[PDB]
C-alpha cells in the first residue's frame, strides 16, 4: 500500500527535512520562561502555562519526560517543518534545565476549553466549523509529508471566542515515506484505524482520517468514545459490530492480510449497523443527511477509500464555512 495523495513529498524535500536523527538542537535560554500553573499531565509530558519574562507574552511549556533523543528530535523537526501552517501549534523555543538537561518545548498559548465542557455547548454549525478547521491542519501536515497519528479531542485546542483551533501534541507524528513499515502502536486505542488493529504496517496519512471519523461520530452522536474497546483486539471487535464483518473480510483479502486466529475468533460475524441507529432525541439536532454521508465516507475499513482531508473540505456538510472563508480571501 502507498498513499494516493502527497505520496512523494519527502523526496521533493532535502534529506535534512525528514532525517530528524541528524538534527542539532539549538537550545534557547530556560531562564526566559517562568511556569505560572499546571494545565495537564500526559503519559510522558507535563504541560504548564508559562510567561515569557522578556515580552510578557503567555506561553505553554511542555516538559518532556525521557524518551529516546530520536523521539525528541522527531517532534522538534516536525514542529519546525510545520511552523506557520494553518491551525498548527507554533513552536517558539526549545530549552532544557541546566542541571537535569530535561528538554522543554515552548509554544504559543491557546485559551482552550476541555472538550468535555466545550462540546456540549456546540451547535450543528459550530461542529461544522471546527471540523473544517481541523481538516485544514491535517491537509497541511499531510501536504508536508507528515502524519499526526494521534488525532483525538484531547489534541485539539479550541479558543471558542476567537474561533481558533490548534492541532497539538506532535510527539507521535512521523514522516511518510512510501513503502515504509511503521509501528502500529500509535494513536490512542479508541481512535486507532483498522490498519493498526490488523497489523497493516505500510499505512499512511489516511490513518488520521479514521481517527477524525471517530472524533466526529463522538461529537454528532454524543457517544464518546464512539468505539470503546477494552484492548486492541476488542477495539476491532467494537468497529466490526458497527461496520460489519463482510467489509472487514473484503479489506483483509484486498491487502493480503491474515487475521490473527485469536482475533478472528473474537471478531466473529456481524451485520452492518446503519448510522441512523445512533440518532436519538438528545443528539438529533446535530445530525443531518450531510453529516451522516460525510461520516460514512471517513469510517471505512479500506484506508485508500476514505476521504482525504482536502476531499473532505469539499463535502456539502461544510458548504457554509467554506463559502464564508472564500469570501474573506477574495476581500484579502
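Positions refer to the first chain, counted from 1.
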Between 33-41 and 267-275 (mean CA B-factor, as deposited), the higher = 33-41
message = Averaging CA B factors per stretch from the PDB record, which one is higher: 93-101 or 206-214?
response = 93-101
Residue, from 308, 10, 319, 24, that the PDB entry assigns the highest Cα B-factor = 24
request  = Ordered by C-alpha B-factor within the chain, which third holds residue 194? Give me lowest, middle or highest, please.
outcome  = lowest
request  = Consider only the C-alpha atoms of the modelled residues in this chain, order them by B-factor as the entry records it, and name the third containing residue 262: lowest, middle or highest.
outcome  = highest
ask   = Looking at the C-alpha B-factor of residue 230, is it in the lowest, middle or highest third of its chain?
value = middle
request  = Would you mind checking where the Cα B-factor of residue 297 ranks among the modelled residues of its chain, as the lowest, middle or highest third?
outcome  = lowest
request  = Using the B-factors in the PDB entry, rank residue 303's C-alpha atom against the chain and give the third, lowest, middle or highest.
outcome  = lowest
